[PDB]
């Protein structure tokens, strides 16, 4: 009944150590915007092409809350190290 919003990530691991620093710190950043990991996992290609190894999907209670999470100061501090840990794409939907 509400307009649930989603962030889709498409990713490829680079630096393992850095990727684990990133992953460790993020979950906290989500709970202020009521973020939640719907699924994560490796890709099996069913059609077309896709440049990435794995996908993660975040779920928020509202588009505005998804956008605000990505743009929060607590998440943004995570970014320089996220990019060392993985090349990715993020898409906001909703």
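Numbering follows the first chain given and starts at 1.
Trainee: Comparing average C-alpha B factors as deposited, tell me which of 61 to 69 and 37 to 45 sits higher.
Mentor: Averaged over C-alpha atoms, the B-factors run higher in 61 to 69.
Trainee: Higher average CA B factor in the deposited record is what I'm after, so tell me if that's 50 to 58 or 26 to 34.
Mentor: It is 26 to 34.
Trainee: Just say lowest, middle or highest third for the CA B-factor of residue 77 relative to the other modelled residues in its chain.
Mentor: For residue 77, whose C-alpha B-factor we compare with every modelled residue in the chain, the answer is the highest third.
Trainee: Please place residue 9 in the lowest, middle or highest third of its chain according to the CA B-factor in the PDB entry.
Mentor: Its C-alpha B-factor, which the entry lists for residue 9, ranks in the lowest third among residues of this chain.
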